[PDB]
């Protein structure tokens, strides 16, 4: 599996990543703002990402028409949590990167703030989700892609930080290190019969997560 490969190539991948030069992402300009995002409705396109805001859900989904990751989803995702009323400014700041032709994220979503109750937790954090997929057809992460993914995430962090965006409420079930102010990590394909601190400490030991943080 994806994770077995990570476990057995843990050090090798870390050693390869730390030697790679900075990644570049050509950000898109011809993109919707947050209001435009909410108006995607049944179907819309922007920069090769298919958009939809279906009536029966509370999220606007973005999916590459031509996925760049050929592997099977292994459960890894990131949430981004900003202050509820700063979602529109946050989305605009991140939009060039989220729609970038160089982005390692084929699939993501942003909460439609007008469909959810303001006091509900769904308004207060995790208003963006990024789905990560192993790049290779054999479903193993390559070192260069791990590097690119970590670089991308860190670019999201500084962009928000440089825009003076205020942190949101981190989801109980995610984990993040101290130097992540908005990003948090969760793996969906893990047993969850027991909440954090239990679930959280297991997540902290995920090789994907440690390669993103150490």
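Numbering follows the first chain given and starts at 1.
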Where do the C-alpha atoms have the higher mean temperature factor in this entry, in 15-23 or in 189-197?
189-197
Mean Cα B factor from the PDB record: higher for 166-174, or higher for 141-149?
166-174
So, residue 45's CA B-factor, relative to its chain, sits in which third? The highest
Of the three thirds of the chain ranked by Cα temperature factor, residue 180 occupies the highest
Relative to the other modelled residues of the same chain, rank the CA B-factor of residue 30 and answer lowest, middle or highest third.
highest
Assert third(CA B-factor, residue 109) within chain per record equals lowest
Chain third (lowest, middle, highest) by recorded CA B-factor, residue given as residue 71
lowest
